[PDB]
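To begin, one chain is listed below as structure tokens, in the form deposited in one PDB entry.
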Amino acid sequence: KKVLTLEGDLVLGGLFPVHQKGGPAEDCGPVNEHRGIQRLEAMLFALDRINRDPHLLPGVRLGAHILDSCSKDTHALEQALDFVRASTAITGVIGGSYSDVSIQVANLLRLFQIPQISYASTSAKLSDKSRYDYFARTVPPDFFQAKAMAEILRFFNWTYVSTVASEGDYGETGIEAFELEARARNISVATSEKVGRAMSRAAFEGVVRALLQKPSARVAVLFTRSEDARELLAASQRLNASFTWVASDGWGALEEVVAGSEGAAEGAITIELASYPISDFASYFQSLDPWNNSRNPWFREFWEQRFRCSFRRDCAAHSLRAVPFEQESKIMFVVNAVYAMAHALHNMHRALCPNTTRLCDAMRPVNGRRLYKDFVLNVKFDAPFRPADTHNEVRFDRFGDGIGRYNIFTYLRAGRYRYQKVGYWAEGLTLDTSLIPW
């Protein structure tokens, strides 16, 4: 229903799982605090900074037309019609998160030559430029995540494993790639399970029971969406079932996956893409207020849900400074996707509009084929808001993908349950066995 509109000379599209998947009839569910709100706000932060930047499109304002995917490819695609209907023109799209969402959206935007930059979609299917010719991403393909996951097993001599894959382009392509890597290291698969789009608590229990039918396969490798990783952990908890979980970025370092199921989750090894916190973001975010942030139509809902109050009194009294703030793992890539589009446009403007700083005729409208092929693919700049002791640059390969760098974690009970970095993967596995309590 709602849309976040911000005005400008060039309008950037945006797609975020602001809401979780709806019920059996509802299309949209509850607010996604981390991968929704924080991620969307990060696009707003980035845009704000680009529009105050004398070196980045100094005479061209970048607007936004941001949509909620509701963590659902079908909802996202009905919403995405807004990007293509003027065929107010959309110059390029930032998103989405889920691969199923970015794939559906890419099939649509290529028809209208609209460049797309995802900040979290890691499915390897997206590397195919015969199919997704207008898509690029600031994250790498799962090509590399799979290989890392297999090297992790091979390191601890975990040679008889089970797999759980969410149905679709992320889960299915993720685990297949994992299996080929595992075979090559003499790792055999006991059983392979799939998780449907619509599964009951009972259905999930049946998956856990299916994994328990192979008592020798204590290690379970997941290439699952967050919600499926959550639901599977919750079923393990309800059945006092014990597995050593090795999981992909879907689960990653999210506290909402493990909440309520800490016991079942304890001892898990998870992977998240390597990133850094961006100070200026935490300041921007924690300073948001429901009276000052009206441009975000989903902020009021988040505020009510976070503080368990209603404006319809004293809800306004709360502060995001008063509460603990943990920055989402992929915030970096959100900010980098927007800057990649902004630098692409600025470079296009430098080549096409030399006599002015305003949008010339050559950019009324912007040719998407030229934009993607000649400028988006060719950006190369220092990551903005990166810490002074870090040397990250934003660029894409020939196929529009980012560079394969991951962090590796363990979920342990310290007596709070926390995520602990125990290593990394960067064209080879590195891990400190001292940090893992087994």
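Heads up: residue numbers just count along the shown sequence, starting at 1. Just so we're on the same page, rigid core means the largest C-alpha set that superposes within 1.5 Å between forms.
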property	result
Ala25 to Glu26: deposited residues without atomic coordinates	none
Deposited but uncoordinated residues in the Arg312/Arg313 interval	1 to 3
264-272 or 163-171, whichever carries the higher mean Cα B-factor	264-272
Entry-level comparison of average CA B-factors, 126-134 and 352-360, reporting the higher stretch	352-360
Selection from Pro290, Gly252, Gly96, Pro115 [criterion: highest C-alpha temperature factor in the record]	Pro290
Selection by C-alpha B-factor (highest) of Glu176, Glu227, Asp73, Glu301	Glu301
Third of the chain's Cα B-factor distribution that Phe45 belongs to, per the entry	middle
Position of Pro365 among the chain's modelled residues by C-alpha B-factor, lowest, middle or highest third	highest
Third assignment of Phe16 from its chain's C-alpha B-factors	lowest
Third assignment of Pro30 from its chain's C-alpha B-factors	middle
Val207, C-alpha B-factor rank within chain (lowest, middle or highest third)	middle
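The form deposited in another entry exists for this protein as well; it is not shown, and the discussion that follows is about that form.
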item	value
Rigid core superposition between the shown form and the other one: residue from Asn296, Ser329, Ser162, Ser261 with Cα shift of 2 Å or more	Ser261
Rigid-core frame, C-alpha of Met199, shift of 2 angstroms or more between the shown form and the other one	yes
